[PDB]
Amino acid sequence: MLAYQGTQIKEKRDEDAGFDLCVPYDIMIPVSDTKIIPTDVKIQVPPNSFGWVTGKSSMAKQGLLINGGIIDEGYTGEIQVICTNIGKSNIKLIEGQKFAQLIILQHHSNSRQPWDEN
Amino acid sequence: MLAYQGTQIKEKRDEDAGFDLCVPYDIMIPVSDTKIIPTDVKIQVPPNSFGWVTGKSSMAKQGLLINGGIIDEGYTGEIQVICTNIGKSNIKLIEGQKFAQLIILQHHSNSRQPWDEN
Amino acid sequence: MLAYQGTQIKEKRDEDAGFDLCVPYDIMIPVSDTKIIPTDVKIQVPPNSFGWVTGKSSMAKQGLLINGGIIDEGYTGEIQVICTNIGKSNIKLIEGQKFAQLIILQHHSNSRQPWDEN
Ligand SMILES: O=c1ccn([C@H]2C[C@H](O)[C@@H](COP(=O)(O)OP(=O)(O)O)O2)c(=O)[nH]1
Ligand SMILES: O=c1ccn([C@H]2C[C@H](O)[C@@H](COP(=O)(O)OP(=O)(O)O)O2)c(=O)[nH]1
Ligand SMILES: O=c1ccn([C@H]2C[C@H](O)[C@@H](COP(=O)(O)OP(=O)(O)O)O2)c(=O)[nH]1
Ligand SMILES: [Sr+2]
Ligand SMILES: [Sr+2]
Ligand SMILES: [Sr+2]
């Protein structure tokens, strides 16, 4: 479950894990560079959930790597996508195209317990 | 829960998170290249679940990076493993060896809610 | 839920997905190198759970990549963090600073089912 706003996120099919995120403008990412691509997307998830921004098969096969990608439940800004080209060729993203996906997960990172020495 | 077929996936121990995926043939991956390694593995997961193909500690320590890796519930093909060498040395994979693992997760990417302006 | 020990893990806020892991000593990571950074952190998670060591936004934006990162339920050692610099500049980590985060997830990688030919 989640709420979201923005024009750079597209409605998904039920059988896909994630929503596609769409590139805002044409941009070239030279070999070995890192670019921070802005989106207008903002999400609200339920307690103990988080958003995970990760790669698509079509851009991963060209060497685009999405790094970072953990969207905490308390974040109220716009998602930024951190992209590094680890391929051997310049990558050109075209306005509009899918270039990452957002998956919503639940974590259990809470309720610390006593260590069992057993 | 899942169903699977193929000879390149190995049965796992209960206390490990993922199934090992096995390299189909000897292959060298030069510094900075990307190779798409085919498996014969096919999986069926329950609704709102997905498979996650990600790295092993022994190959990550040599600079092998598994990229992409999100196996949607609707996919009915064979898993492909997208590998990039981000290390400083050529990597040689040997026929049979483990080189990635498949973990089954549930996502909550569905049931869009109204935004709370609160 | 989890138990943990060690001085290189910090208590978290409820609204963040993961615990920060803290660098043990000053260390420089040259462009394209890979370093294995030791922690003293040990965790115990419940059955069918795993720990996921992954990146922070502030270090991902400089080109630090955390690779591997899957901490199995049966592991009883100290977490090691595998770091590769995929940026274009040398990265300097300072003693004490956050440089990765640990998120606790549940997997469903178990209870193999019959394939449905339907
Ligand atoms: O790829 C990413 C990773 C993080 N964030 C946002 C959401 C996340 O909750 C916030 C974390 O920022 P921080 O707490 O200031 O940084 P750090 O992760 O370095 O602790 O940044 C993004 O938009 N994109
Ligand atoms: O590392 C990967 C990533 C994806 N896939 C398969 C499963 C996934 O469901 C499908 C997605 O292909 P697509 O929808 O055509 O591409 P995209 O992810 O670029 O939208 O590719 C793999 O086999 N290996
Ligand atoms: O980034 C990582 C990845 C793994 N591990 C630890 C926990 C994990 O359970 C164990 C796996 O070691 P292995 O079974 O010997 O290696 P492999 O993953 O190559 O099968 O290594 C770490 O400390 N850091
Ligand atoms: Sr798709
Ligand atoms: Sr193992
Ligand atoms: Sr933070």
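As the structure lists them, so they are numbered: ligands from 1, and atoms in each ligand from 1. Every heavy atom of this structure was used, including side-chain atoms; hydrogens, water molecules and symmetry mates were not. The chains referred to below are lettered A, B, ... by the order of the sequence lines, with proteins before strands, and numbering in each begins at 1.
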Any donor and acceptor pair, going by atom type alone, linking the side chain of C:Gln113 with main-chain N or O of C:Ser111 inside 3.5 Å? yes
Can you list the ligand 3 atoms lying under 4.0 Å from a non-hydrogen atom of B:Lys56? 17 (P), 18 (O), 19 (O), 20 (O)
Is the shortest distance from atom 13 (P) of ligand 3 to a protein heavy atom below 4.0 Å? no
For C:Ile82, the atoms of ligand 3 under 4.0 Å from one of its heavy atoms are 1 (O)
Nearest-neighbour protein heavy atom for atom 5 (N) of ligand 3, which is reported as residue plus atom name and distance: C:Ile71 CD1, 3.9 Å
To which protein heavy atom is atom 19 (O) of ligand 3 closest, and what is the distance rounded to 0.1 Å? B:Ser58 OG, 2.7 Å
Hey, are the side chains of A:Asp33 and A:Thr84 touching, using non-hydrogen atoms and a 4.5 Å cut-off? no
Any side-chain heavy atom of C:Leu21 within less than 4.5 Å of one from C:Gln8? no
Is there side-chain contact between A:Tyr25 and A:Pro38, with at least one heavy-atom pair below 4.5 Å? yes
the protein heavy atom lying closest to atom 16 (O) of ligand 3 turns out to be B:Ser57 CB, 3.8 Å
Do B:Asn67 side-chain atoms and A:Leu64 backbone N/O form a donor-acceptor pair below 3.5 Å? yes
Using a heavy-atom cut-off of under 4.0 Å, does the side chain or the backbone of C:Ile70 touch ligand 3, or both, or neither? backbone
For C:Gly69, atoms of ligand 3 separated by under 4.0 Å from a heavy atom: 1 (O), 2 (C), 3 (C)
Looking only at heavy atoms of C:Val53, does any of them come nearer than 4.0 Å to an atom of ligand 3? no
Hey, looking at atom 22 (C) of ligand 3, which of C:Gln80, B:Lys98, B:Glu15 has the closest heavy atom? C:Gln80
A quick test of your reading: do over 12 heavy atoms of other residues, nucleotides or ligands sit less than 6.0 Å from NZ of C:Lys12? yes
Among all protein heavy atoms, pick the one closest to atom 21 (O) of ligand 3 and tell me residue, atom and distance. C:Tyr75 CE1, 4.0 Å
With a sphere of 6.0 Å drawn around NZ of C:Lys92, does it hold more than 12 non-hydrogen atoms of other residues, nucleotides or ligands? yes
Any donor-acceptor pair under 3.5 Å linking the side chain of B:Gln101 with the backbone of B:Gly55? yes
Regarding ligand 3, does C:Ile79 bring an N or O atom to under 3.5 Å of one of the ligand's N or O atoms? no
The closest protein heavy-atom partner of atom 9 (O) of ligand 3 is C:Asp72 OD2, 2.6 Å
Evaluate B:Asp20 for polar contact with ligand 3, using N/O atom pairs at a separation under 3.5 Å. no
Drop me the distance from B:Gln106's CD to C:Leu105's CG, to the nearest 0.5 angstrom. 11.5 Å
Measuring only between side-chain heavy atoms, which start at C-beta, is C:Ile37 closer than 4.5 Å to C:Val23? no
At a 4.0 Å cut-off, with the gap strictly under it, does some heavy atom of C:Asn67 reach an atom of ligand 3? yes
